[PDB]
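Working notes, beginning with the structure itself.
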Amino acid sequence: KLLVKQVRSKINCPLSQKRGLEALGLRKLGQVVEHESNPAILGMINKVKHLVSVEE
Amino acid sequence: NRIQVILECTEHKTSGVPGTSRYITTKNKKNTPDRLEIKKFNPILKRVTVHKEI
Amino acid sequence: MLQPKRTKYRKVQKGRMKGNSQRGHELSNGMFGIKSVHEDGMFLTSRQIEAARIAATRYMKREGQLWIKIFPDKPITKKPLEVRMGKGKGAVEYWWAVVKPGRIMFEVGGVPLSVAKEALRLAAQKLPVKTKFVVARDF
Amino acid sequence: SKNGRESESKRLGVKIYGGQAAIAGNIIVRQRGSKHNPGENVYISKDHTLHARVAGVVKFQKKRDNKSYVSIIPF
Amino acid sequence: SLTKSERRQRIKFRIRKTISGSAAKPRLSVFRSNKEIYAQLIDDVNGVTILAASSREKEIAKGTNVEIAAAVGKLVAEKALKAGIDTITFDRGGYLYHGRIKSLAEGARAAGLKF
RNA sequence: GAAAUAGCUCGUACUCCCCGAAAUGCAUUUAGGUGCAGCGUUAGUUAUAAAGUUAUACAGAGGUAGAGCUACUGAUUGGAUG
RNA sequence: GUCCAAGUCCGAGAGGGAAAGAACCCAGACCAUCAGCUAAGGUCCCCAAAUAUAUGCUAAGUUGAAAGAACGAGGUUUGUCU
RNA sequence: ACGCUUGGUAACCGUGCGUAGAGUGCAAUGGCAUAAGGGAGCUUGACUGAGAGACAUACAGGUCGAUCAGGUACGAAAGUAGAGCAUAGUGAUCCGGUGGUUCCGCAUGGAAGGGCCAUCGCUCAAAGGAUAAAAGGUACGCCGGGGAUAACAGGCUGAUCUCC
RNA sequence: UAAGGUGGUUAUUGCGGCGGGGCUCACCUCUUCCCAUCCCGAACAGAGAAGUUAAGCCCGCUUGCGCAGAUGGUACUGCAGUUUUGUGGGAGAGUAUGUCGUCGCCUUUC
């Protein structure tokens, strides 16, 4: 179980990377969501890792 | 030179059967003269018959 | 001037030269040469090629050869003056060769180092490229 | 100039791929010349178009001097 | 392809391009040669051969090659109409349908083996 | 007649709440206008619901970047034969 | 400048920074408050915050905004071979 | 490539090497030798009634196509044939002409005429064709709009120019 | 064990060279008949068994021509910032090297 929180803004990001955030439970810069560690979510984190921060 | 020919059935129009069978084909007025005749299926008589160019 | 005797097409599109030519950067049949150390591709024209060749041939009068490892194979066009933009491509103006960073252009085999450095330095002043003097490893 | 003419594209390319299902009359490949040859349960048309014959799964399986032989595994 | 074998392989290729056979309705290949003509029933979809006949057994009477081929055809027909095979696709194996091949085919047609 | 017609310019009056585009494609006596498609709003439908979006695993067809030409077509530097 | 393709923004978008700029960097404004934490960018004064710490370079006011050539030189610091 | 009178290595012939450099009517691309290239025999499926299912898709349109029935051509039979190796060779509607048709036919019976199927007439070439039928001047001009668009000047860039 | 027939496997399976073999395969002898040459029994077809491994065919060897081909490195490229780069993917060519096939079913044989 890892915690991921959006640190940057999706205003100048492409549509793919902007939908990659909505795929997770992220809709605002002040949010933080907890997910599992399956290999499916660590492709979304790799897609948008410059916009989020994964603590644990 | 390529003309449009109309091959009408020949054995038709001799029996008491209304209708007329025709086939609209193309030909050449120089390479194949003299009223081409071809055996085609007559849909009225239900048998193959010789159709001659009109 | 160096240009093809004939070719399939007269007009050729002006492509994009991405540098660091990975072929033609080694010396062969000659021990001294000049190589391009520029940062982007260049168009070496037949006038520049002939000028550099004759400048390097006037030096070292009859000693050694001058290998030219390049050829102006592509045609560059230019529409006439006082013409508005766009009625088709213009007539072929001249012929040029693509030179990418790392390509060797001239080579000398006969003369020693003292003369081959001066001749190549005299020839490199006619080319629009920053050139460095390279010597072969087996020397 | 004298160069301003062209024709409309024919929308060629590869239809249903070698891992998807087809049915009795689904166009598989549109070509200009038989570069994808028909295999099992796949036939070719007048315009060198590959048609399916039965419902199944497509399979290309290039072989025999680099020649595609599109076939269908029934299911 | 003119060595009397490549010429036959070409015919066999352009015949097998359309002649085949499953477990039901198999293929009937023939091999001529200078003497002792052979015939065989092959299943091309699964490998295994069903049956095979030849003019080398205690059933063929000596004579002309045409009569020998007719007898071999009758024998292979009577042998194939035992298990239940009723239809066949007769190919040629690169031989013209005339002479011993036609005699074998007619000897098989006089019996059963609908084809 | 007559408030002729204007594919043209100008003007178009109170408040609050919710949603929210386009400047593309095909035609046109057509290009600063329209017709249809594309994008919007309102309402109603799929339920043991269906479809969408992103990522992962698996499986496909391609001929771009690159590369090469003694692998064709065209071009091409230098030596040996002639 | 012009004609296409893959994205973003302005168009229809307030706020902060580059001194002032529709697009550049950060960032998507329901109101009210003399509350707090940060992004880009900064902490000598105009003008909020370091005349903060550690190491080296520059002597040209180069520089403190953006942006420069072929070609010269016994400016200086530093690594290897010699 | 090697031999041979004309005959000349570019005519025909003989023997080898030759995966395709030939040819496929006509441009280019793709394909084709187990031929789609060439020859011989027999023939007319260049048939009738039709279209499971797909590809393109604003619409109008366009392309491919498997089973069934009735009679055929070739083949011993399987089997193939609903035009050409495949993509260009084209023109909507209205109107008029020809062949077939107790389909209708204005009180009744005919007829004129119309309807249905097959088919003909348009460089309507400005080829989605505004009419069957169509060229110029205006410095005597007028009205409605445009910096959507030029001439002078300003702006960006130097092809040209000038200087180093 | 050997041979013949017939299939699967993208030439690592092919081409060439050197030696061996023949119950089946092949040349080999003839054209009255079935059949055919835009001329020829050359090919196809038929009738036979005097001879033969000479050739076709099958075995064993050959890196010779072909075909296949790494590891490493490089080019190129998706995402993020930028003069620099970091993260992943990763060629082509070339070198070492490999290859004189392999897998089934029937008939006669040991």
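Read-outs: derived from the displayed coordinates by stated rules, not from any lab. For neighbour counting, all protein chains shown are included, and Cβ atoms are generated from backbone atoms with ideal geometry for every residue, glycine included.
Taking each residue of segment A:39-56 that is more than 14 Å from every other protein chain (Cβ to nearest Cβ) and over 10 Å from A:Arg8 (Cβ atoms) and looking for partners that are in a loop (DSSP other than H, G, I, E, B) and within 11 Å of RNA strand F (Cβ to nearest atom) with beta-carbon atoms closer than 7 Å, six or more apart or interchain, yields A:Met44/A:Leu24.
Considering segment A:11-25, the residues that are without any contact (Cβ under 8 Å) to a residue 24 or more places away in the chain and near RNA strand G (Cβ under 8 Å from one of its atoms) include one that is nearest to the chain's Cα centre (by Cα), namely A:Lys18. Every test in (1) of a type in the set (D, E, K, R); (2) assigned to a strand (DSSP E or B); (3) more than 16 Å from RNA strand G (Cβ to nearest atom) is passed by C:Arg62 save one, and that test is (2).
Residues that are within 16 Å of RNA strand G (Cβ to nearest atom), within 14 Å of another protein chain (Cβ to nearest Cβ) and of a type in the set (A, V, I, L, M, F, W, C): does segment C:74-84 have at least one? Scanning segment C:74-84 turns up at least one residue that is within 16 Å of RNA strand G (Cβ to nearest atom), within 14 Å of another protein chain (Cβ to nearest Cβ) and of a type in the set (A, V, I, L, M, F, W, C).
Residue-wise test of (1) under 25 Å from E:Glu6 (Cβ atoms); (2) within 16 Å of RNA strand H (Cβ to nearest atom); (3) of a type in the set (S, T, N, Q).
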site: E:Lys58; (1), (2), (3): no, no, no
site: E:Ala61; (1), (2), (3): no, no, no
site: E:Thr64; (1), (2), (3): no, no, yes
site: E:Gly84; (1), (2), (3): no, no, no
site: E:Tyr95; (1), (2), (3): yes, yes, no
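Pairs linking a residue in segment C:1-22 that is under 17 Å from D:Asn3 (Cβ atoms) and more than 14 Å from chain D (Cβ to nearest Cβ) to a residue that is more than 7 Å from RNA strand F (Cβ to nearest atom) and assigned to a loop (DSSP other than H, G, I, E, B), with Cβ atoms under 7 Å and 6 or more positions apart or on different chains, do not occur. Among residues of segment C:1-20 being closer than 23 Å to C:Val134 by Cβ and out of contact with any strand residue (DSSP E or B) (no Cβ under 8 Å at 6 or more places or on another chain), the one that is farthest from RNA strand G (Cβ to nearest atom) is C:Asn20. Surrounded by 18 or more Cβ atoms within 10 Å (Cβ to Cβ) and either more than 27 Å from C:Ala116 (Cβ to Cβ) or under 20 Å from the mean Cα position of the chain (by Cα) (or both): is that true of C:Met85 in this structure? No. For E:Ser5, the test of being closer than 22 Å to E:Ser103 by Cα, near RNA strand I (Cβ under 9 Å from one of its atoms) and among the polar types (S, T, N, Q) is failed. D:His36 fulfils the conditions (1) within 16 Å of RNA strand I (Cβ to nearest atom); (2) in contact (Cβ under 8 Å) with a residue 40 or more places away in the chain; (3) not charged (D, E, K, R) except for a single criterion, (2). Residues in segment E:1-46 that are within 14 Å of chain D (Cβ to nearest Cβ), assigned to a loop (DSSP other than H, G, I, E, B) and within 12 Å of RNA strand H (Cβ to nearest atom): E:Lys17, E:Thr18, E:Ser20, E:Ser22. For segment C:1-21, which residues satisfy the criterion of being aliphatic (A, V, I, L, M) and farther than 9 Å from C:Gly41 by Cβ? Those that are aliphatic (A, V, I, L, M) and farther than 9 Å from C:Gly41 by Cβ: C:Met1, C:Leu2, C:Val12. Residues in segment D:54-75 that are part of a loop (DSSP other than H, G, I, E, B) and surrounded by fewer than 16 Cβ atoms within 10 Å (Cβ to Cβ): 8 in all. Every condition in (1) touching a strand residue (DSSP E or B) at 6+ places or on another chain (Cβ under 8 Å); (2) assigned to a loop (DSSP other than H, G, I, E, B) holds for E:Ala108 except the one numbered (2). Quick one: would you say E:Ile50 is in a strand (DSSP E or B), away from chain D (no Cβ under 14 Å), over 11 Å from the mean Cα position of the chain (by Cα) and away from RNA strand G (no atom under 16 Å from the Cβ)? Yes, satisfied. The one condition from (1) over 13 Å from the mean Cα position of the chain (by Cα); (2) away from every other protein chain (no Cβ under 14 Å) that D:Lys2 does not meet is (2).
Scoring C:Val98 on the criteria (1) surrounded by 14 or more Cβ atoms within 10 Å (Cβ to Cβ); (2) assigned to a loop (DSSP other than H, G, I, E, B); (3) within 16 Å of RNA strand I (Cβ to nearest atom) leaves a single failure, condition (2).
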